[PDB]
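Okay, so here's the structure we're looking at.
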Amino acid sequence: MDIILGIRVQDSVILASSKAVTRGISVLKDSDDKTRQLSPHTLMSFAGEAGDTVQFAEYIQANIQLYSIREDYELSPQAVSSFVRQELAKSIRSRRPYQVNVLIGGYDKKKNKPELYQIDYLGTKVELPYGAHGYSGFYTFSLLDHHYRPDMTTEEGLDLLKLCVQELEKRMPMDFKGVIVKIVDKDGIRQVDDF
Amino acid sequence: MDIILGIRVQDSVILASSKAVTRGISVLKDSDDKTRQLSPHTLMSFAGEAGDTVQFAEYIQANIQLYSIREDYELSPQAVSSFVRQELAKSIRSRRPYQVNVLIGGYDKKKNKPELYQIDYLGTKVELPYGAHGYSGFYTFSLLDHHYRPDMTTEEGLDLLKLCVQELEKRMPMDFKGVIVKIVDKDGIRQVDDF
Amino acid sequence: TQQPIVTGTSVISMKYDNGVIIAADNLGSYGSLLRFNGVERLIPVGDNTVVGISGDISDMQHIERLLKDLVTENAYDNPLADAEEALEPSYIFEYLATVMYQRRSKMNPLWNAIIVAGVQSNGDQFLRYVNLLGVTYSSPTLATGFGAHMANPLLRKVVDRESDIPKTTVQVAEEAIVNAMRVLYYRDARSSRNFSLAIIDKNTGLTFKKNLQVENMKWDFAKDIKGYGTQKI
Amino acid sequence: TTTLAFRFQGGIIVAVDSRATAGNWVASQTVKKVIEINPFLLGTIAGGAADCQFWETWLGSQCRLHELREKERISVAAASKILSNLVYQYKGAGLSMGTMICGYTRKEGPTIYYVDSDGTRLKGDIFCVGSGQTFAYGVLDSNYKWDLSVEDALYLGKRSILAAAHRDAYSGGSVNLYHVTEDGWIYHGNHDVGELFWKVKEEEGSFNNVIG
Amino acid sequence: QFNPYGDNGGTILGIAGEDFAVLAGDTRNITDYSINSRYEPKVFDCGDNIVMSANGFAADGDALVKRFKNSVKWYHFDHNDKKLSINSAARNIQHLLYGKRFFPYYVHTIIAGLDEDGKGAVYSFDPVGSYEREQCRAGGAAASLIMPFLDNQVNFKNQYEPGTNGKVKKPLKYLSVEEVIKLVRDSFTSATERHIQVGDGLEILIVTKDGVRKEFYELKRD
Amino acid sequence: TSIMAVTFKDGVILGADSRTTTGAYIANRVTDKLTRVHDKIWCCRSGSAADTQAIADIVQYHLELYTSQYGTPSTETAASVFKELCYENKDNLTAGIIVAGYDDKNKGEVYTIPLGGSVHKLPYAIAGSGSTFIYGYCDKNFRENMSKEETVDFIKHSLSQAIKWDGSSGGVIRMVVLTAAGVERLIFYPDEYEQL
Amino acid sequence: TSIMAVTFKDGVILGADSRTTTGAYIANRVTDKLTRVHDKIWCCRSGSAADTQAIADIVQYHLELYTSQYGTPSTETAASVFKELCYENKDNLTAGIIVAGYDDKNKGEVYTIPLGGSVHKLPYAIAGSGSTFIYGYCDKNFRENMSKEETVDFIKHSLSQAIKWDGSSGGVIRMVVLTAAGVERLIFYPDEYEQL
Amino acid sequence: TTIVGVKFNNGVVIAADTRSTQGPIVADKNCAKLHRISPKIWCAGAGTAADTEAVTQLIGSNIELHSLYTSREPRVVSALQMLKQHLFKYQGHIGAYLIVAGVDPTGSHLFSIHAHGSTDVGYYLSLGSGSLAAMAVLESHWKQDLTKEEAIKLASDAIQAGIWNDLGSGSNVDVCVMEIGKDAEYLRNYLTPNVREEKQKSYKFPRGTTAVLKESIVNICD
Amino acid sequence: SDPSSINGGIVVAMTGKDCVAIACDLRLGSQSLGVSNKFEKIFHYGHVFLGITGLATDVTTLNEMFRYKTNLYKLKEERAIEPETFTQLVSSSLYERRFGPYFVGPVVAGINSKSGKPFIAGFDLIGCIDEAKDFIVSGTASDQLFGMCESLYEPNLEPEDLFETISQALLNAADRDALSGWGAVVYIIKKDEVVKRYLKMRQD
Ligand SMILES: *[C@@](C)(CO)[C@](*)(O)[C@H](Cc1ccccc1)NC(=O)[C@H](Cc1ccc(OC)cc1)NC(=O)[C@H](C)NC(=O)CN1CCOCC1
Ligand SMILES: *[C@@](C)(CO)[C@](*)(O)[C@H](Cc1ccccc1)NC(=O)[C@H](Cc1ccc(OC)cc1)NC(=O)[C@H](C)NC(=O)CN1CCOCC1
Ligand SMILES: *[C@@](C)(CO)[C@](*)(O)[C@H](Cc1ccccc1)NC(=O)[C@H](Cc1ccc(OC)cc1)NC(=O)[C@H](C)NC(=O)CN1CCOCC1
Ligand SMILES: *[C@@](C)(CO)[C@](*)(O)[C@H](Cc1ccccc1)NC(=O)[C@H](Cc1ccc(OC)cc1)NC(=O)[C@H](C)NC(=O)CN1CCOCC1
Ligand SMILES: [Mg+2]
Ligand SMILES: [Mg+2]
Ligand SMILES: [Mg+2]
């Protein structure tokens with residue numbers, strides 16, 4: 001767990017998440033997918049303390065899927081992000097808090113708009129055009145400040161994302177073994193296999 | 001400073017040293033040469049605390065070069081390694097010790113034999129067929145235990161070295177930006193430009 | 001790096017129209033133990049200066065010796081040692097202030113708070129403070145330890161600023177000091193009834209008063225007080 | 001701080017911010033973080049304000065004494081090594097210095113040396129130093145080419161500091177630009193972020209995260 | 001364990017005009033919650049039309065001023081009674097402060113006077129010798145209160161020309177000695193209201209080509 | 001604090017100074033450290049003012065409830081209730097209490113309860129910070145079956161010395177006399193006891 | 001330790017117990033804490049045994065060298081040398097020393113030197129761990145210009161109580177009498193003093 | 001804080017300053033430290049500000065309910081008992097240092113309570129950072145058989161000592177007089193000896209000085 | 001690890017002639033890293049305005065909590081809550097978490113609909129009410145705001161003038177604080193109209 005990025009463009013939300021899982025002086029895995037599909041048009045990437053990350057992601061996933069079945073209706077990205085924030089806001093004052101940071105990328109079908117939410121382990125929610133957790137932000141934010149435009153296409157967004165990954169691969173101390181990229185739009189969630 | 005390796009083969013000594021110089025969350029340089037030529041047939045690679053490393057390497061270099069001029073004679077790799085060890089052995093009980101680990105690869109012209117010495121910051125000297133400092137050893141030693149043979153050629157030694165670098169690039173957490181490889185033999189010291 | 005062992009408490013002082021008054025009790029405390037009862041903490045230097053010292057007594061005795069030695073050194077090759085080239089309060093203070101700051105700068109302080117009270121050669125009132133940190137300051141009223149918290153408020157009602165000094169007589173000023181010493185005896189757990197007082201006037205000179213006692217104390221109201229709340233008997 | 005300097009086709013660009021901090025207190029917005037050692041040598045500074053200011057002014061004195069003694073301007077390598085050897089003597093005492101000794105000489109050509117207070121000394125083409133170095137790296141690396149024009153290079157250096165001044169809470173105030181050529185260093189003005197940000201936003205169409 | 005530092009409170013303020021410069025400071029001296037003196041000056045005439053104040057820990061402050069005063073004296077002896085320029089004084093002070101880099105003077109120092117073109121000059125220092133010339137500086141305990149007010153009223157920060165759509169900034173201009181003293185008095189009364197370590201009295205030292213004049217004003221004594 | 005309780009021929013007498021300190025500052029110079037838990041069962045309080053006060057209130061409540069059901073409690077019973085509170089809450093309390101009472105059968109009795117919560121029945125007891133300075137004096141001068149005037153002098157002279165040497169003790173000397181006759185409060189001012 | 005020195009009509013008497021402790025273990029039950037620094041200048045040692053011993057040896061050396069050059073030193077002079085060592089090395093010493101001596105001009109004199117290194121000239125002095133328990137007793141019972149027999153009784157009764165209450169004090173009571181007549185050593189055993 | 005309580009002939013009077021602090025900063029220049037527990041039982045508070053307000057309201061609420069239950073006017077000893085038992089239970093963590101006073105059918109009363117739950121009785125008392133400055137005045141001027149006017153003077157003088165000499169106290173003097181047989185009179189800002197002097201200048205800006213990006217009407221209605 | 005200075009931010013409130021003003025910056029960061037320049041810190045429940053500085057998760061949580069409570073209030077009382085009453089509700093709610101508090105510096109502002117009186121108030125994290133005639137300040141640049149307000153402020157300012165004073169107080173205070181700024185919003189509140197203005201400030 002280290003690098004998770006998010007870029008909201010005109011008609012979609014793109015999440016990039018690193019594949020490395022490291023413990024000690026050993027990279028145990030180089031093909032790890034650090035996301036869960038919460039609903040057909042909502043995707044959550046995550047990063048933080050070992051164990052906590054997946055346990056939290058799956059717990060949220062279960063709850064949203066339960067809601068979907070009960071109401072036969074998909075919850076809006078805004079509604080899901082508020083639910084997630086509250087869970088983390090409870091957590092931070094628990095005996096043992098979830099040390100997990102998340103990005104929630106979703107496509108609102110009612111508004112026909114992509115939405116990207118950044119929530120840290122304290123329960124600090126913000127809607128952004130682009131987001132990042134951990135040390136990644138110290139490089140990507142300034143880069144995106146320069147190169148980002150609000151009316152970009154998904155293809156333009158992927159090139160913009162490639163520019164971030166290249167910079168991170170150049171200047172980051174750790175080998176994060178590349179990223180898995182996923183796109184969230186009106187047609188749902190799909191994975192870019194060749195990145 | 002992190003990865004420094006050494007392999008003694010039939011007719012030469014091969015030193016591989018990582019190119020990355022990192023401070024904080026930034027790789028400041030990716031083309032750093034972590035060695036100094038002590039004499040025409042003696043090469044010392046180094047790794048450890050920032051500043052200390054180069055300061056120590058150059059100090060040793062100056063002393064050996066001073067000896068060479070005074071006697072118009074090259075000191076043997078064994079003699080140089082003993083001098084280096086004593087300097088580190090003094091250092092460890094100083095007010096502020098040099099925190100530097102070194103490998104001394106040299107070709108003894110009188111014996112017509114390659115020699116590899118591993119010395120840590122405490123002044124712990126050992127002659128080895130292959131050596132490593134830092135976390136590198138936890139992968140390379142067992143690998144070389146298996147694949148190393150004493151009667152190998154320089155070309156075989158480089159392939160054996162490529163096998164080590166590949167393993168480190170796969171399992172090490174940090175990006176060390178590849179290695180600079182140098183060969184020490186009867187004809188002196190030369191750098192492998194394409195690795 | 002020190003810790004104070006045998007200690008002296010408050011030293012209080014103020015200016016009046018013609019000079020200055022200074023006072024300090026005769027106690028040498030050993031923590032909560034009121035160990036020594038005959039300790040003089042006002043030390044005159046010449047006939048025109050009185051140094052009042054609080055804090056560590058061993059360091060106070062060291063300072064006594066320094067001042068005693070300063071008088072001797074000043075007399076050397078000095079025909080006007082008892083006249084124009086006599087030791088002034090300002091000279092004595094600056095010397096101590098220099099020492100105090102040098103010692104704190106070497107991390108080995110003289111664990112004291114000092115007040116140098118006196119009258120200069122031109123008739124001007126001198127009153128200045130210095131402590132273990134080398135911090136110095138002057139004011140119409142000065143006090144150390146508990147004196148700073150309890151005495152100063154009372155003394156400042158008499159002399160609240162510079163313009164109140166000519167309006168304050170020696171009778172009024174001494175009465176305020178003696179009252180302050182009583183209040184300190186009521187409320188300071190490391191204080192004693194017995195104390196010494198010194199007046200340095202520009203006309204009548206140095207008047208050193210020993211073996212004074214706090215008197216006219218109000219304790220009679222204590223008999224009516226019972227328990228801590230509901231208790232009647 | 002955020003400071004950078006990079007080598008390119010037309011020499012060296014050097015750009016720095018102007019903010020001083022005492023924790024979260026903004027101590028100054030108008031501080032000079034490029035010291036002019038001689039007409040051919042510049043020194044950027046980041047870290048402890050007094051350490052930087054004192055020792056880089058001291059460095060200039062040592063460089064002056066060199067050319068008096070040797071009848072020749074000091075090399076960039078020798079100048080940087082005087083400073084690195086100095087801070088190495090103080091290693092452990094708590095000095096905080098991130099400097100980049102930039103200059104031109106005949107024998108070396110355009111040269112940049114990174115030197116810091118724990119003894120590290122590195123020659124290189126690109127460096128960013130300070131609390132906001134990462135923000136500067138992000139913009140600088142993604143737009144850098146060797147074949148940049150003097151006009152484009154000056155702007156990229158300016159734009160990289162601006163990026164860091166924006167995101168880094170401990171960087172800002174204004175941008176000081178310099179250009180080092182074979183003929184010496186040339187000052188390219190002070191640029192207040194108060195006006196520069198909006199000027200860049202409007203003209204470039206960037207900074208869409210901000211409420212325009 | 002013995003602690004060699006203390007906080008004597010108070011606050012200081014320096015403003016530069018076209019042909020003059022002021023260095024103001026309150027006359028209160030404190031330790032913890034006690035008042036030590038209601039009138040203890042900490043702004044000093046050091047000769048050669050240089051006024052100085054080192055606010056923070058008074059023992060260190062007095063020591064520094066005392067050393068700089070002595071530095072000015074020996075500058076005259078060693079260089080044929082030459083006048084110490086304000087820029088030269090500032091560099092000298094840096095070396096005094098940095099000399100104790102590893103056991104600092106706990107003070108924020110400000111000096112004021114006239115530069116060699118006869119124009120008003122204020123220099124300000126951190127505890128270990130870092131310095132910078134400015135038109136404006138507040139130092140000490142209430143520096144965080146006063147400084148932003150000075151940015152607004154002396155350097156006209158965040159002030160634009162009315163009706164220009166926030167495009168044209170308010171033009172920079174020098175202030176008269178009358179207008180500067182107004183800002184000083186208001187700065188200190190405002191600081192006295194909200195900071196417990198500031199009050200009692202205000203002493204301003206004004207520096208012109210003619211010399212060093214003083215002005216005193218009462219402040220709230222609570 | 002300096003406090004003591006002394007048995008004698010006609011009953012028992014409790015004695016105490018009147019100084020309460022918060023550090024070196026005297027918060028109250030006329031404190032009443034002698035407190036009533038029952039008609040003729042009183043106690044001297046030393047240690048934490050808050051703790052000893054809270055305890056004494058609970059004891060007063062227990063003995064009032066005891067009296068409602070089983071009649072007048074013994075001095076031993078009172079000491080037992082004090083002990084129970086002090087012992088079971090020893091980790092959270094700083095209380096050194098002397099319990100003194102007068103029965104008609106048992107006459108004067110004194111129980112001392114130190115920090116630990118142990119009980120010790122004694123002819124006389126001394127406690128508090130200032131008691132250290134009068135162990136020598138009290139041991140040499142105490143006698144059993146003293147008169148009222150002798151016991152008052154013994155306590156007055158003892159507490160006078162404790163006050164003289166202990167900075168944490170001072171003010172007036174309060175005393176409470178417990179006999180068959182009833183309850184008598186006594187007070188002695190500095191001008192009297194200081195010059196003994 | 002419990003130690004004391006008392007001036008009287010004919011001169012001065014030093015007194016001390018004989019217990020040396022290493023924790024709760026008594027390392028030496030017959031210790032001699034009264035030590036000679038000059039013919040008729042002696043001292044009582046309390047605190048660190050090693051420190052007080054090293055100091056007393058240096059003082060003995062200084063006063064022997066003083067006597068060679070300037071004749072017999074005063075008791076004040078001896079106390080000054082003790083003070084100088086204790087004060088200047090206050091950070092590294094744990095020594096509480098009572099200096100007592102007999103001049104023919106000045107008669108009996110007693111100087112006490114606590115931990116800090118301050119000097120205090122007194123009619124009598126008490127010191128050491130066990131002295132706390134006899135401040136009350138000694139203050140009430142001391143008189144100036146006592147006889148030899150009265151002063152011996154005063155010290156014996158005082159140290160008896162100090163020993164009785166202080167665990168760090170015990171064994172025999174040693175005493176040293178300093179008068180014009182000369183130097184006299186006295187000893188008193190438990191069977192005698194315990195039942196006083 | 002500085003707070004006091006003084007007993008007199010036919011009742012009791014309490015007083016307080018009106019400064020609230022956060023660090024060295026004055027948070028409130030005119031806060032109310034005199035708290036009504038019941039109509040004729042008032043309470044002066046020092047320590048943690050919220051704790052003194054909360055603990056006094058809670059006990060005041062329960063005292064009111066108790067007064068209605070018993071059909072009796074509340075007593076000071078009841079408020080005292082409830083406050084100390086509450087404070088003791090929280091082992092000092094509720095940092096309330098109170099002077100409780102009032103009149104009831106039993107008579108007039110004056111107590112003090114500390115944060116750990118210890119109570120004292122007295123004719124004159126003082127608590128807070130400026131209690132030593134106040135107690136100095138009380139010890140110097142208090143006597144038996146004070147009148148109403150004399151007690152108010154003594155109480156306010158004791159608060160003034162804190163206002164001037166203690167940095168933790170300032171601004172105004174609040175007083176509450178509780179006399180037997182009469183209504184308790186709460187004298188808010190009885191003295192105001194720290195009025196801010198006229199400013200040297202008006203800083204009213206020319207309209208349009210501030211640069212604006214957007215405007216919009218906010219909807220507050222349904 | 002000081003909750004009050006992780007995210008950063010400021011709020012200031014002022015009174016005028018028959019009007020009140022409340023203003024805040026827009027920054028949300030994680031220490032040195034600026035993250036969001038849209039994070040508003042002022043909320044409103046009917047005609048009562050609440051500004052909140054401090055730990056951003058608690059800022060959000062408390063807004064959601066007071067929306068919750070004021071909605072139930074309105075349903076049961078059949079009227080909008082007033083600033084004086086709301087101030088008490090904030091104090092109660094904060095003190096309820098006495099030994100595990102919300103790390104916030106809230107500020108209430110609004111005009112009483114019945115009396116027409118302008119009202120402002122501030123709180124510490126634990127509930128202590130700070131009522132004021134002139135102004136209230138809060139956040140990481142509170143010292144700066146105190147200094148600006150105490151000098152710039154004067155009583156009975158007209159809405160158009162009051163806007164200039166509060167805006168200049170906020171802007172110049174924010175520029176001397178590393179964790180505050182990145183945009184600003186000012187609410188001018190009259191008896192029955194409310195104007196919201198976004199200020200242009202330096203973006204560093
Ligand atoms: C950015 C702002 C990072 O803070 C830059 O590094 C900036 C560079 C700079 C260069 C020249 C002139 C001014 C500023 N550095 C600072 O602003 C610096 C930050 C810093 C503070 C303390 C440090 O500990 C060693 C390291 C860096 N700020 C200062 O030096 C401030 C003005 N002064 C102090 O904090 C005074 N301290 C320094 C340490 O010794 C005790 C006194
Ligand atoms: C003498 C002074 C000391 O031994 C007495 O024991 C005296 C007993 C007494 C006081 C009033 C009424 C009846 C009896 N005790 C005190 O005066 C006491 C000193 C003390 C404080 C703390 C202790 O450990 C918890 C033990 C003794 N003073 C107080 O309790 C005062 C009122 N409060 C404080 O000093 C505040 N303390 C509270 C507890 O935590 C430390 C700070
Ligand atoms: C009584 C016992 C305690 O006050 C006396 O002061 C007595 C004085 C004495 C002893 C022998 C000869 C002449 C005079 N002191 C001791 O018995 C002394 C107890 C003591 C130990 C350490 C101290 O602080 C440094 C102070 C007093 N006992 C010793 O010195 C014995 C011989 N040694 C130890 O206990 C070992 N110490 C050495 C110092 O460091 C701690 C361990
Ligand atoms: C004087 C001013 C103390 O200096 C008084 O005791 C005063 C009493 C008071 C009572 C009612 C209304 C206003 C004022 N106390 C304060 O003003 C108090 C000072 C204080 C700060 C911190 C303390 O303990 C850590 C204790 C006292 N100020 C406050 O309570 C302010 C409003 N709040 C804070 O400082 C923040 N609190 C949060 C809760 O934890 C303690 C710090
Ligand atoms: Mg005050
Ligand atoms: Mg024994
Ligand atoms: Mg910034």
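How things are named: the first chain in the structure tokens is A, the next is B, and so on; residues count from 1 in each chain; ligands count from 1 in the order shown.
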
Query raised in the report: Could you pull out all residues of segment 61-91 of chain D with a DSSP call of alpha helix (DSSP H) and give them as a list in words?
Result: residues 61, 62, 63, 64, 65, 66, 67, 68, 69, 70, 76, 77, 78, 79, 80, 81, 82, 83, 84, 85, 86, 87, 88 and 89 of chain D

Query raised in the report: Hey, what's within 12 Å of residue 139 of chain B if we count only C-alpha atoms and toss same-chain stuff fewer than 5 positions away? As a VMD selection string, please?
Result: (chain A and resid 25 to 26) or (chain B and resid 3 5 131 to 134 144 to 146 163 to 172)

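With the cut-off set to 7 Å and only C-alpha atoms and all ligand atoms counted, the residues surrounding ligand 6 are residues 163, 164, 165, 166, 167, 168, 169 and 170 of chain G.
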
Requested in this report: Residues of chain C no more than 6 Å from chain H, counting only C-alpha atoms: send them over as a PyMOL selection string.
Outcome: chain C and resi 149-150+153+228

Query raised in the report: Which chain A residues are at most 7 Å from chain I (counting only C-alpha atoms), as a count of residues only?
Result: 4

**Report entry** Spatial neighbours of segment 64-71 of chain C, 12 Å, only C-alpha atoms, chain gap at least 6 places, as number ranges by chain
**Finding:** C: 40-47, 49-53, 57-58, 78, 81-82, 85-89, 91-93, 95-96, 99, 114, 116; G: 118

Could you dump the residues just selected with N, CA, C and O atoms as a short mmCIF file (atom, residue, chain, number, x, y, z; two decimals), in the first residue's frame?
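Output saved as again.cif:
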```cif
data_model
loop_
_atom_site.label_atom_id
_atom_site.label_comp_id
_atom_site.auth_asym_id
_atom_site.auth_seq_id
_atom_site.Cartn_x
_atom_site.Cartn_y
_atom_site.Cartn_z
N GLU C 40 21.38 36.57 58.93
CA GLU C 40 21.26 37.93 58.41
C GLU C 40 21.40 37.93 56.89
O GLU C 40 22.45 37.55 56.36
N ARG C 41 20.34 38.35 56.19
CA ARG C 41 20.30 38.33 54.73
C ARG C 41 20.38 39.74 54.11
O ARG C 41 20.27 39.89 52.89
N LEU C 42 20.56 40.75 54.95
CA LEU C 42 20.88 42.10 54.49
C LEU C 42 22.34 42.37 54.80
O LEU C 42 22.76 42.26 55.95
N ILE C 43 23.12 42.72 53.78
CA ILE C 43 24.55 42.91 53.96
C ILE C 43 24.96 44.31 53.47
O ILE C 43 24.90 44.60 52.28
N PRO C 44 25.35 45.19 54.42
CA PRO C 44 25.76 46.54 54.03
C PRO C 44 27.15 46.57 53.39
O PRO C 44 28.05 45.85 53.82
N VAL C 45 27.29 47.39 52.36
CA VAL C 45 28.57 47.63 51.70
C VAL C 45 28.88 49.12 51.81
O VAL C 45 28.26 49.94 51.13
N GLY C 46 29.82 49.47 52.68
CA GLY C 46 30.11 50.86 52.99
C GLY C 46 29.02 51.46 53.86
O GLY C 46 28.38 50.74 54.64
N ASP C 47 28.80 52.76 53.73
CA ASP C 47 27.78 53.47 54.51
C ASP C 47 26.68 54.04 53.60
O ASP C 47 25.98 54.98 53.99
N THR C 49 25.08 51.66 50.85
CA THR C 49 24.54 50.56 50.05
C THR C 49 24.19 49.37 50.94
O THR C 49 24.93 49.07 51.88
N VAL C 50 23.07 48.72 50.64
CA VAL C 50 22.69 47.47 51.30
C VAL C 50 22.23 46.47 50.25
O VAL C 50 21.32 46.76 49.47
N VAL C 51 22.85 45.30 50.25
CA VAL C 51 22.51 44.22 49.32
C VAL C 51 21.64 43.20 50.04
O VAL C 51 22.08 42.57 51.01
N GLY C 52 20.40 43.05 49.58
CA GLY C 52 19.48 42.05 50.13
C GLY C 52 19.44 40.82 49.24
O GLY C 52 19.19 40.93 48.03
N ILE C 53 19.67 39.64 49.82
CA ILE C 53 19.82 38.41 49.05
C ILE C 53 18.85 37.32 49.50
O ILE C 53 18.71 37.06 50.70
N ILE C 57 21.72 29.94 50.55
CA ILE C 57 22.50 30.63 51.58
C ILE C 57 24.01 30.41 51.40
O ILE C 57 24.80 31.31 51.69
N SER C 58 24.41 29.22 50.94
CA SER C 58 25.83 28.96 50.69
C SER C 58 26.34 29.94 49.63
O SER C 58 27.41 30.54 49.79
N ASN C 78 44.23 54.04 46.77
CA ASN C 78 43.08 54.91 46.60
C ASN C 78 42.93 55.83 47.81
O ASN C 78 42.28 55.47 48.79
N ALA C 81 39.24 56.71 48.97
CA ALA C 81 38.43 55.50 49.15
C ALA C 81 37.21 55.75 50.05
O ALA C 81 36.20 55.05 49.94
N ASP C 82 37.33 56.73 50.94
CA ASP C 82 36.22 57.12 51.82
C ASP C 82 35.64 58.48 51.41
O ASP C 82 35.06 59.19 52.24
N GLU C 85 36.07 58.58 45.43
CA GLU C 85 36.24 57.26 44.80
C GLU C 85 35.79 56.13 45.73
O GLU C 85 36.40 55.05 45.75
N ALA C 86 34.73 56.37 46.50
CA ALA C 86 34.11 55.33 47.32
C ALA C 86 33.21 54.48 46.44
O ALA C 86 32.81 54.90 45.35
N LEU C 87 32.89 53.27 46.91
CA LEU C 87 32.02 52.36 46.16
C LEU C 87 30.58 52.87 46.14
O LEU C 87 29.99 53.14 47.19
N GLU C 88 30.05 53.02 44.93
CA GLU C 88 28.66 53.42 44.71
C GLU C 88 27.77 52.19 44.64
O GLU C 88 28.25 51.09 44.33
N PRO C 89 26.46 52.35 44.93
CA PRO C 89 25.49 51.27 44.72
C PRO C 89 25.48 50.76 43.28
O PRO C 89 25.37 49.55 43.05
N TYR C 91 27.96 50.75 41.15
CA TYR C 91 29.17 49.97 40.90
C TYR C 91 29.02 48.56 41.46
O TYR C 91 29.32 47.58 40.79
N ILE C 92 28.53 48.49 42.70
CA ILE C 92 28.33 47.21 43.39
C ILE C 92 27.32 46.34 42.65
O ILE C 92 27.52 45.13 42.54
N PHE C 93 26.25 46.95 42.16
CA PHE C 93 25.22 46.21 41.43
C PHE C 93 25.75 45.64 40.12
O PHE C 93 25.59 44.45 39.84
N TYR C 95 28.67 44.97 39.18
CA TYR C 95 29.61 43.90 39.46
C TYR C 95 28.88 42.58 39.69
O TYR C 95 29.19 41.57 39.05
N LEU C 96 27.90 42.59 40.59
CA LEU C 96 27.11 41.40 40.88
C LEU C 96 26.36 40.92 39.63
O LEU C 96 26.39 39.73 39.30
N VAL C 99 28.63 39.09 37.34
CA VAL C 99 28.92 37.76 37.87
C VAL C 99 27.75 36.81 37.64
O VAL C 99 27.92 35.72 37.10
N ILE C 114 18.72 38.92 44.01
CA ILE C 114 19.41 39.97 44.75
C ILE C 114 18.76 41.33 44.48
O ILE C 114 18.36 41.62 43.36
N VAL C 116 19.86 45.32 45.21
CA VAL C 116 20.84 46.29 45.67
C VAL C 116 20.14 47.62 45.92
O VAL C 116 19.71 48.28 44.97
N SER G 118 27.21 25.78 53.26
CA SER G 118 27.10 26.98 54.08
C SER G 118 27.68 26.72 55.46
O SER G 118 27.76 25.56 55.88
#
```

Query raised in the report: In Å, how far is it from atom CA of residue 111 of chain G to atom CA of residue 82 of chain G?
Result: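 Distance between the two atoms: 10.1 Å.
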
**Report entry** Exercise answer, 12 Å around ligand 7 with only C-alpha atoms and all ligand atoms, as a VMD selection string
**Finding:** (chain A and resid 142) or (chain D and resid 1 to 2 17 to 21 24 26 29 131 to 132 135 161 to 174 193 to 194 197) or (chain I and resid 27 29 31 to 35 37 174 to 182 202 to 204)

Requested in this report: Report as a PyMOL selection string which protein, DNA and RNA residues come within 10 Å of ligand 5, using only C-alpha atoms and all ligand atoms.
Outcome: (chain E and resi 33-35+196-197+199+220-222) or (chain H and resi 1-2+17+19+130+160-171)

Query - Test item: residues lying within 7 Å of ligand 3 with only C-alpha atoms and all ligand atoms, as number ranges by chain - result: G: 1-2, 19-23, 31-33, 45-50, 94, 128-129, 168-169
